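**Student:** This structure is in structure tokens; I'll ask about it shortly.
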Amino acid sequence: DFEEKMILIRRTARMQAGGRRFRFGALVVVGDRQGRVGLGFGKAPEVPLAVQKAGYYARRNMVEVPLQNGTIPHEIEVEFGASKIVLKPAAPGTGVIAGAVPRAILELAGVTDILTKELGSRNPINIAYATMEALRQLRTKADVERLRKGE
Amino acid sequence: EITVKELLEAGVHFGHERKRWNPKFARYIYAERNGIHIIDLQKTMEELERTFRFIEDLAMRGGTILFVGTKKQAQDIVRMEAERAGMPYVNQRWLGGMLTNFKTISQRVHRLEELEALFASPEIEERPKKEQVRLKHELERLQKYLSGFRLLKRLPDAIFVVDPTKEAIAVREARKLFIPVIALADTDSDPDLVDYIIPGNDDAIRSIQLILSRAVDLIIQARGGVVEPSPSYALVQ
Amino acid sequence: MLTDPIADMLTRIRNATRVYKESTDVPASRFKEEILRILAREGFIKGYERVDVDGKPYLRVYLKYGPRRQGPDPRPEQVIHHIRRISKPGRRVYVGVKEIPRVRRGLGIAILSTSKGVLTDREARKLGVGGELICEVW
Amino acid sequence: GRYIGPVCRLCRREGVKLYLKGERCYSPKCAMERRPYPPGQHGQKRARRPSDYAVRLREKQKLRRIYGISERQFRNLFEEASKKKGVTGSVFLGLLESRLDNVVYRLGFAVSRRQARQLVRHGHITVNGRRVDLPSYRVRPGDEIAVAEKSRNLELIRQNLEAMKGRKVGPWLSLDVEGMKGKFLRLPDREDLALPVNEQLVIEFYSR
RNA sequence: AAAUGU
RNA sequence: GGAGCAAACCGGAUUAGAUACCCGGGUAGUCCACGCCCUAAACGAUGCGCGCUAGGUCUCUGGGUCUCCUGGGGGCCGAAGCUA
RNA sequence: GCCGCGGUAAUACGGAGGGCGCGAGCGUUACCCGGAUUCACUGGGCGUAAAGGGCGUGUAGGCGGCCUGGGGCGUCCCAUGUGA
Ligand SMILES: [Mg+2]
Ligand SMILES: [Mg+2]
Ligand SMILES: [Mg+2]
Ligand SMILES: [Mg+2]
Ligand SMILES: [Mg+2]
Ligand SMILES: [Mg+2]
Ligand SMILES: [Mg+2]
Ligand SMILES: [Mg+2]
Ligand SMILES: [Mg+2]
Ligand SMILES: [Mg+2]
Ligand SMILES: [Mg+2]
Ligand SMILES: [Mg+2]
Ligand SMILES: [Mg+2]
Ligand SMILES: [Mg+2]
Ligand SMILES: [Mg+2]
Ligand SMILES: [Mg+2]
Ligand SMILES: [Mg+2]
Ligand SMILES: [Mg+2]
Ligand SMILES: [Mg+2]
Ligand SMILES: [Mg+2]
Ligand SMILES: [Mg+2]
Ligand SMILES: [Mg+2]
Ligand SMILES: [Mg+2]
Ligand SMILES: [Mg+2]
Ligand SMILES: [Mg+2]
Ligand SMILES: [Mg+2]
Ligand SMILES: [Mg+2]
Ligand SMILES: [Mg+2]
Ligand SMILES: [Mg+2]
Ligand SMILES: [Mg+2]
Ligand SMILES: [Mg+2]
Ligand SMILES: [Mg+2]
Ligand SMILES: [Mg+2]
Ligand SMILES: [Mg+2]
Ligand SMILES: [Mg+2]
Ligand SMILES: [Mg+2]
Ligand SMILES: [Mg+2]
Ligand SMILES: [Zn+2]
């Protein structure tokens, strides 16, 4: 079935009269390595419940990843908040040339050959949320003409 | 037949609002007289035509429609209808999560059923006079906010709105769940966020009762037997 | 005044699209024309009609889009996901036939003024020309 | 020069048998059998989750520790590979495998590549009739590797040459067991050996 | 009227 | 030119001290002409011109077959969009 | 090297055992490029983070609406020489 993977765990902390209380955050990727990837973000009183509910939340925002043999149909670049991701295809036998956040996705959607750069704020959270939105905006030579027609 | 023509559209179902409006409500507008915005009914029916062309197929394959309307202008009208269609409804006041957290609120109707299992059951007297009323008090509220929601045991496949402005909450909940949205809407709200629309007066009982009473008849006419005219023009007018 | 009319055209569209309208009117030229045209020939638009407004000529440009999607925000995908001026009066962009775009991997289309006129990346390559890159579209 | 000393610590550490000794690393007890846990005082303790770097690291060394060569010689080949055609990576194994001393291990003239090397270095091995004493020789198709005359005998060859009667030598390989000679036939596709390694990561590693 | 705290 | 006010200055109080705050005095200055100085939270902390992209409400000022429409200003809430 | 370790239980000092990493090499210092999209042409910003000139008028300069011609300067193509 699916293939879970966290890329982010962190410990936030609000404050109360006497002491500081905590909460844990977890960012999990969930893939199929066939073209399906999802991503949700888990926040819970303790660790694994989040991680668990991350993978819960994750299997929502899934996405058609129209591969063209281990790559993307075209180059895309997307901006989330002030974070920026550049997606560029690659001829086979290249590699997944990416940081640790995005490669922990593109693999789980398939992708064996791709070029990337992070630009602006390299914050993983807002970087993750960006990259998804890139895939979601991928379109195939097929997907296009469906639109560039009549009626 | 199945339908209604603009000669019946003579109550109010032409428009009633203006300036308290959304300009998205373009196309389904006719002209502005007496300051009031007025909407052509050629399209109203044309929409109903399209709209009903989705209702029947849905009804006659035994789907489910949830009914929403909290306006005092349209409280009881819907109750009767969704009861007269044996369908679930929300007459009273709408609760967040109800669909998006359906599973959770659903455990509250169980308690209602679980409560009802203590009306004539052999333990009523065997639970103190104090608590006896509290639960009955807990009852009478439970039924109020869950009467027409006690029906259905799973999310519907369309939802009917008397004013999508108000129940935009519900419309958002429904819309997030790919749940078909149908509504009687005037210039109040706005299309787009609607899948099937009844562009007409979404206030003043006339339009409501008219389109709502007849809407039910359409369902039965695909389930079995459009029996005698349900109540309407009582104190209604 | 309008330092750039061509940009104003593109920008007028881009503005119109993001609210999903039928038509988009824009001041006329024989050079704005053979620039649009492609947008119908490549089916980015329905097309246009040379009309006049208040005694003055314009080009009502009719917008294509896509399917009423569903979920929250049912607003359809655009046909024109992106469009931006390249060569400008502030900086004119010329290219040899070689030095020529691969916009969104074939899926996109450049538009250029050349010794034979308003070609595209695909065309200008095959006619063997290149010239003043106007804009990119997808 | 090369690595010398404790080897069986390496069938382990990497956490996977890699048949580095003669018969021992093939006999019930290859430094892992008995103790399939990392070397040193901190052996029988629960590992913590590796870094992605750590993961890539271990995968590279493994491969190198398998072929057993300097990091010097090793990376040249990667960049060489990295520079070449198409797959410009996976081809790597082909370049590793073309090593004389490597081949001789496959040709069963010896059992350890370590044993292989000492032969080539002592020049007990010949190529196309040529006394070739250089374990780095990138051999190619149709090249022929045979024992020299002063060494056709030698106790160490015979039994080492003998025990080969059993298995189908590599597709890219061939052996006149009696004639003491072999032919590099072709470039071993990735298919032609599923090494216990994920070469994808070695690439990922070396692009630091 | 009302200062300060390695 | 100088009424009122008021840095500086003197005095009375407060205070540990009070070259401050509050109080009684008080000179330049504040006002006029001419000539210099050229600063500033000189702020919408937002340079200028043109085009394009929902509406609602309050107002100043024009014109209109004076509802309403339209023009040019001065504010509020806000579509889409922008923004950490 | 930065974040920082040492206050009688230091995986951060010193030695030891063990481990990781290269290997006739391993470290260090100095310097250039990368990472730095941190001078941003490709490829950035200026309401509150550093950044709109206090406000005009205007010289040079940059930029320029709609049509048809001539010129073909830029620009585009081909051929050729040159590019050791
Ligand atoms: Mg930004
Ligand atoms: Mg930064
Ligand atoms: Mg950082
Ligand atoms: Mg290559
Ligand atoms: Mg002191
Ligand atoms: Mg005084
Ligand atoms: Mg005093
Ligand atoms: Mg005193
Ligand atoms: Mg004293
Ligand atoms: Mg005084
Ligand atoms: Mg300033
Ligand atoms: Mg301004
Ligand atoms: Mg200026
Ligand atoms: Mg005026
Ligand atoms: Mg007037
Ligand atoms: Mg105004
Ligand atoms: Mg506002
Ligand atoms: Mg909004
Ligand atoms: Mg001690
Ligand atoms: Mg100690
Ligand atoms: Mg301590
Ligand atoms: Mg240290
Ligand atoms: Mg130490
Ligand atoms: Mg030691
Ligand atoms: Mg040691
Ligand atoms: Mg720039
Ligand atoms: Mg910046
Ligand atoms: Mg600016
Ligand atoms: Mg400040
Ligand atoms: Mg500032
Ligand atoms: Mg200013
Ligand atoms: Mg100025
Ligand atoms: Mg100045
Ligand atoms: Mg000038
Ligand atoms: Mg000029
Ligand atoms: Mg001109
Ligand atoms: Mg030349
Ligand atoms: Zn061993």
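Chain identifiers are assigned as A, B, and so on, following the order in which chains appear in the structure tokens; residues are numbered from 1 within each chain, and ligands are numbered from 1 in order of appearance.
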Based on only C-alpha atoms (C1' of nucleotides), which of the residues in chain G come within 12 Å of chain A? I want them as a count of residues only.

**Tutor:** 7

**Student:** With only C-alpha atoms (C1' of nucleotides) as the counted atoms, please give the residues lying no more than 12 Å from residue 114 of chain A, apart from itself and same-chain residues fewer than 5 positions off, as a PDB file with C-alpha atoms, in the first residue's frame.

**Tutor:**
ATOM      1  CA  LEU A  67       5.110  11.286 -14.492  1.00  0.00           C
ATOM      2  CA  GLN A  68       6.855  10.901 -17.845  1.00  0.00           C
ATOM      3  CA  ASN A  69       9.013   7.995 -16.704  1.00  0.00           C
ATOM      4  CA  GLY A  70      10.525   9.019 -13.363  1.00  0.00           C
ATOM      5  CA  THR A  71      10.236  12.760 -14.124  1.00  0.00           C
ATOM      6  CA  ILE A  72       7.848  15.723 -14.557  1.00  0.00           C
ATOM      7  CA  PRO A  73       5.994  16.855 -17.739  1.00  0.00           C
ATOM      8  CA  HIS A  74       7.549  20.346 -17.679  1.00  0.00           C
ATOM      9  CA  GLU A  75       9.547  22.751 -15.511  1.00  0.00           C
ATOM     10  CA  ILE A  76       7.595  24.514 -12.739  1.00  0.00           C
ATOM     11  CA  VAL A  86      12.075  25.391  -8.576  1.00  0.00           C
ATOM     12  CA  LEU A  87      11.177  22.087 -10.246  1.00  0.00           C
ATOM     13  CA  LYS A  88      13.098  21.134 -13.391  1.00  0.00           C
ATOM     14  CA  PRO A  89      12.796  17.845 -15.339  1.00  0.00           C
ATOM     15  CA  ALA A  90      15.800  15.663 -16.144  1.00  0.00           C
ATOM     16  CA  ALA A  91      16.818  13.061 -18.724  1.00  0.00           C
ATOM     17  CA  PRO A  92      17.062   9.572 -17.141  1.00  0.00           C
ATOM     18  CA  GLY A  93      20.179   8.528 -15.195  1.00  0.00           C
ATOM     19  CA  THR A  94      20.372  11.980 -13.559  1.00  0.00           C
ATOM     20  CA  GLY A  95      19.278  11.533  -9.950  1.00  0.00           C
ATOM     21  CA  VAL A  96      16.856  13.310  -7.610  1.00  0.00           C
ATOM     22  CA  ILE A  97      18.880  16.527  -7.128  1.00  0.00           C
ATOM     23  CA  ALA A  98      17.092  18.078  -4.125  1.00  0.00           C
ATOM     24  CA  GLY A  99      17.305  19.068  -0.459  1.00  0.00           C
ATOM     25  CA  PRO A 102      11.458  17.765  -1.359  1.00  0.00           C
ATOM     26  CA  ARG A 103      13.353  14.526  -2.203  1.00  0.00           C
ATOM     27  CA  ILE A 105       8.354  13.447  -1.656  1.00  0.00           C
ATOM     28  CA  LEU A 106       9.396  13.216  -5.278  1.00  0.00           C
ATOM     29  CA  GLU A 107      10.692   9.676  -4.601  1.00  0.00           C
TER      30      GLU A 107
END

**Student:** Residues within 6 Å of ligand 4 (only C-alpha atoms (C1' of nucleotides) and all ligand atoms), as a compact mmCIF listing (two decimals) with N, CA and C atoms, in the first residue's frame?

**Tutor:**
# COMPACT_ATOMS: atom_id res chain seq x y z
N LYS D 84 30.29 10.66 -18.33
CA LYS D 84 29.94 9.91 -19.54
C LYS D 84 28.48 9.99 -20.00
N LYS D 85 28.04 8.95 -20.70
CA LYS D 85 26.81 9.02 -21.49
C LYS D 85 25.55 8.56 -20.75
N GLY D 86 24.44 9.27 -21.00
CA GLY D 86 23.12 8.86 -20.56
C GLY D 86 22.93 8.64 -19.08
N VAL D 87 22.98 7.37 -18.66
CA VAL D 87 22.84 7.00 -17.25
C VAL D 87 23.99 7.54 -16.41
N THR D 88 25.14 7.76 -17.06
CA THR D 88 26.30 8.46 -16.48
C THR D 88 26.51 8.27 -14.95

**Student:** As a count of residues only, please: the residues near segment 3-6 of chain E (cut-off 12 Å, only C-alpha atoms (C1' of nucleotides), same-chain neighbours under 4 positions excluded).

**Tutor:** 3

**Student:** As a PyMOL selection string, could you give me every residue of chain A near chain F (at most 12 Å apart, counting only C-alpha atoms (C1' of nucleotides))?

**Tutor:** chain A and resi 80-83+120-121+126

**Student:** Mind the document's chain letters and residue numbers, and return as a PyMOL selection string the residues of segment 95-181 of chain B that DSSP labels helix (DSSP H, G or I).

**Tutor:** chain B and resi 102-116+129-144+147-150+168-176

**Student:** Write a file of the selected residues as a PDB file, in the first residue's frame, keeping C-alpha atoms.

**Tutor:**
ATOM      1  CA  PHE B 102     -20.499  13.863  11.010  1.00  0.00           C
ATOM      2  CA  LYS B 103     -19.137  10.760  12.744  1.00  0.00           C
ATOM      3  CA  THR B 104     -18.867  12.706  16.045  1.00  0.00           C
ATOM      4  CA  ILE B 105     -22.219  14.541  16.164  1.00  0.00           C
ATOM      5  CA  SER B 106     -23.763  11.228  15.032  1.00  0.00           C
ATOM      6  CA  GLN B 107     -22.847   9.724  18.422  1.00  0.00           C
ATOM      7  CA  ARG B 108     -25.126  12.384  19.937  1.00  0.00           C
ATOM      8  CA  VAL B 109     -28.284  11.141  18.179  1.00  0.00           C
ATOM      9  CA  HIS B 110     -27.422   7.701  19.630  1.00  0.00           C
ATOM     10  CA  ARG B 111     -27.622   9.222  23.098  1.00  0.00           C
ATOM     11  CA  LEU B 112     -30.983  10.630  21.978  1.00  0.00           C
ATOM     12  CA  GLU B 113     -32.071   7.124  20.899  1.00  0.00           C
ATOM     13  CA  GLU B 114     -30.289   5.802  24.035  1.00  0.00           C
ATOM     14  CA  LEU B 115     -32.350   8.374  25.991  1.00  0.00           C
ATOM     15  CA  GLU B 116     -35.625   7.460  24.230  1.00  0.00           C
ATOM     16  CA  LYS B 129     -36.929  12.256  40.669  1.00  0.00           C
ATOM     17  CA  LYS B 130     -34.022  14.729  40.464  1.00  0.00           C
ATOM     18  CA  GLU B 131     -32.265  13.125  37.480  1.00  0.00           C
ATOM     19  CA  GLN B 132     -35.646  12.124  35.984  1.00  0.00           C
ATOM     20  CA  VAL B 133     -36.284  15.681  34.766  1.00  0.00           C
ATOM     21  CA  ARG B 134     -32.662  16.566  33.960  1.00  0.00           C
ATOM     22  CA  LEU B 135     -32.528  13.773  31.372  1.00  0.00           C
ATOM     23  CA  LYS B 136     -36.023  14.709  30.169  1.00  0.00           C
ATOM     24  CA  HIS B 137     -34.712  18.271  30.024  1.00  0.00           C
ATOM     25  CA  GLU B 138     -31.633  16.884  28.266  1.00  0.00           C
ATOM     26  CA  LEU B 139     -34.097  15.027  26.049  1.00  0.00           C
ATOM     27  CA  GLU B 140     -36.337  17.901  24.920  1.00  0.00           C
ATOM     28  CA  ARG B 141     -33.265  19.848  23.727  1.00  0.00           C
ATOM     29  CA  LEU B 142     -31.709  16.786  22.046  1.00  0.00           C
ATOM     30  CA  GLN B 143     -34.790  16.198  19.930  1.00  0.00           C
ATOM     31  CA  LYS B 144     -35.025  19.903  19.056  1.00  0.00           C
ATOM     32  CA  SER B 147     -35.314  15.847  15.082  1.00  0.00           C
ATOM     33  CA  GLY B 148     -34.859  16.056  11.313  1.00  0.00           C
ATOM     34  CA  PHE B 149     -31.248  15.003  11.796  1.00  0.00           C
ATOM     35  CA  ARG B 150     -32.199  11.787  13.649  1.00  0.00           C
ATOM     36  CA  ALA B 168     -22.810  28.958   3.932  1.00  0.00           C
ATOM     37  CA  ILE B 169     -21.394  27.158   6.963  1.00  0.00           C
ATOM     38  CA  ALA B 170     -23.261  24.052   5.836  1.00  0.00           C
ATOM     39  CA  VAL B 171     -22.564  24.908   2.178  1.00  0.00           C
ATOM     40  CA  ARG B 172     -18.832  25.089   3.026  1.00  0.00           C
ATOM     41  CA  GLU B 173     -19.009  21.795   4.969  1.00  0.00           C
ATOM     42  CA  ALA B 174     -20.915  20.165   2.171  1.00  0.00           C
ATOM     43  CA  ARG B 175     -18.728  21.702  -0.561  1.00  0.00           C
ATOM     44  CA  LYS B 176     -15.512  20.483   1.104  1.00  0.00           C
TER      45      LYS B 176
END

**Student:** Do you know which residues are within 12 Å of ligand 11 using only C-alpha atoms (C1' of nucleotides) and all ligand atoms? Can you write them as JSON, numbers by chain?

**Tutor:** {"F": [40, 41, 42, 43, 45, 46, 47], "G": [46, 51, 52, 53, 54]}

**Student:** Counting only C-alpha atoms (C1' of nucleotides) and all ligand atoms, name the residues that have an atom within 12 Å of an atom of ligand 22; the answer should be given as a PDB file with C-alpha atoms (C1' of nucleotides), in the first residue's frame.

**Tutor:**
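Resulting contents of selection26.pdb:
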ATOM      1  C1'   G G   1      34.768  27.089  12.328  1.00  0.00           C
ATOM      2  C1'   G G   4      28.949  27.021  22.930  1.00  0.00           C
ATOM      3  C1'   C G   5      31.421  23.281  26.589  1.00  0.00           C
ATOM      4  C1'   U G  11      29.881  11.416  25.097  1.00  0.00           C
ATOM      5  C1'   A G  12      32.540  19.295  24.344  1.00  0.00           C
ATOM      6  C1'   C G  13      39.052  19.793  28.809  1.00  0.00           C
TER       7        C G  13
END

**Student:** Name all residues at most 12 Å from residue 62 of chain F (count only C-alpha atoms (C1' of nucleotides); drop same-chain ones fewer than 6 positions away) and give them as a ChimeraX atom specification.

**Tutor:** /F:70-73

**Student:** Restricting it to N, CA, C and O atoms (P, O5', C5', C4', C3', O3' and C1' of nucleotides), dump the selection as a PDB file, in the first residue's frame.

**Tutor:**
ATOM      1  P     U F  70     -23.742  55.905 -13.100  1.00  0.00           P
ATOM      2  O5'   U F  70     -22.761  57.072 -13.559  1.00  0.00           O
ATOM      3  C5'   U F  70     -22.551  57.337 -14.937  1.00  0.00           C
ATOM      4  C4'   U F  70     -22.193  58.783 -15.185  1.00  0.00           C
ATOM      5  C3'   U F  70     -20.949  59.300 -14.494  1.00  0.00           C
ATOM      6  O3'   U F  70     -19.752  58.871 -15.110  1.00  0.00           O
ATOM      7  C1'   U F  70     -22.675  60.906 -14.331  1.00  0.00           C
ATOM      8  P     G F  71     -18.450  58.578 -14.216  1.00  0.00           P
ATOM      9  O5'   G F  71     -17.862  60.047 -13.950  1.00  0.00           O
ATOM     10  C5'   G F  71     -17.668  60.965 -15.023  1.00  0.00           C
ATOM     11  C4'   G F  71     -17.191  62.321 -14.541  1.00  0.00           C
ATOM     12  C3'   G F  71     -16.169  62.332 -13.420  1.00  0.00           C
ATOM     13  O3'   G F  71     -14.856  62.018 -13.866  1.00  0.00           O
ATOM     14  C1'   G F  71     -17.805  64.013 -13.053  1.00  0.00           C
ATOM     15  P     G F  72     -13.819  61.255 -12.888  1.00  0.00           P
ATOM     16  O5'   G F  72     -13.344  62.408 -11.896  1.00  0.00           O
ATOM     17  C5'   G F  72     -12.762  63.613 -12.373  1.00  0.00           C
ATOM     18  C4'   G F  72     -12.627  64.625 -11.263  1.00  0.00           C
ATOM     19  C3'   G F  72     -12.055  64.105  -9.949  1.00  0.00           C
ATOM     20  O3'   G F  72     -10.639  63.956  -9.957  1.00  0.00           O
ATOM     21  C1'   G F  72     -13.979  65.369  -9.491  1.00  0.00           C
ATOM     22  P     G F  73      -9.924  62.936  -8.921  1.00  0.00           P
ATOM     23  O5'   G F  73      -9.764  63.817  -7.618  1.00  0.00           O
ATOM     24  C5'   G F  73     -10.206  63.334  -6.367  1.00  0.00           C
ATOM     25  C4'   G F  73     -10.539  64.460  -5.430  1.00  0.00           C
ATOM     26  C3'   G F  73     -10.518  64.104  -3.950  1.00  0.00           C
ATOM     27  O3'   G F  73      -9.220  64.186  -3.386  1.00  0.00           O
ATOM     28  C1'   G F  73     -12.568  65.130  -4.454  1.00  0.00           C
TER      29        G F  73
END

**Student:** Within 9 Å of ligand 25, which residues show up when you count only C-alpha atoms (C1' of nucleotides) and all ligand atoms? List them as number ranges by chain, please.

**Tutor:** G: 17-19

**Student:** Select residues of chain C: the criterion is any atom within 7 Å of an atom of chain B, counting only C-alpha atoms; output as a PyMOL selection string.

**Tutor:** chain C and resi 70-72+74

**Student:** Give the residue list for ligand 6 at 9 Å, counting only C-alpha atoms (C1' of nucleotides) and all ligand atoms, as a PyMOL selection string, sorted by chain and then by residue number.

**Tutor:** chain F and resi 5-6+24-26

**Student:** From the options G:7, G:47, G:64, G:56, which residue's atoms come nearest to ligand 12, counting only C-alpha atoms (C1' of nucleotides) and all ligand atoms?

**Tutor:** G:47

**Student:** List as a ChimeraX atom specification the protein and nucleic acid residues lying within 12 Å of ligand 34, with only C-alpha atoms (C1' of nucleotides) and all ligand atoms counted.

**Tutor:** /G:58-64

**Student:** Using C-alpha atoms (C1' of nucleotides), can you write the selected residues to a file as a PDB file, in the first residue's frame?

**Tutor:**
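selection11.pdb was written with the following content:
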ATOM      1  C1'   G G  58      12.897  72.117 -15.348  1.00  0.00           C
ATOM      2  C1'   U G  59      18.317  70.996 -18.606  1.00  0.00           C
ATOM      3  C1'   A G  60      20.690  66.851 -20.661  1.00  0.00           C
ATOM      4  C1'   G G  61      19.089  61.821 -20.774  1.00  0.00           C
ATOM      5  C1'   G G  62      15.622  57.417 -20.892  1.00  0.00           C
ATOM      6  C1'   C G  63      10.767  56.115 -22.730  1.00  0.00           C
ATOM      7  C1'   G G  64       6.584  57.026 -26.330  1.00  0.00           C
TER       8        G G  64
END

**Student:** Rounded to one decimal place, report the atom CA of residue 56 of chain B-atom CA of residue 1 of chain B distance in Å.

**Tutor:**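 Distance between the two atoms: 13.4 Å.
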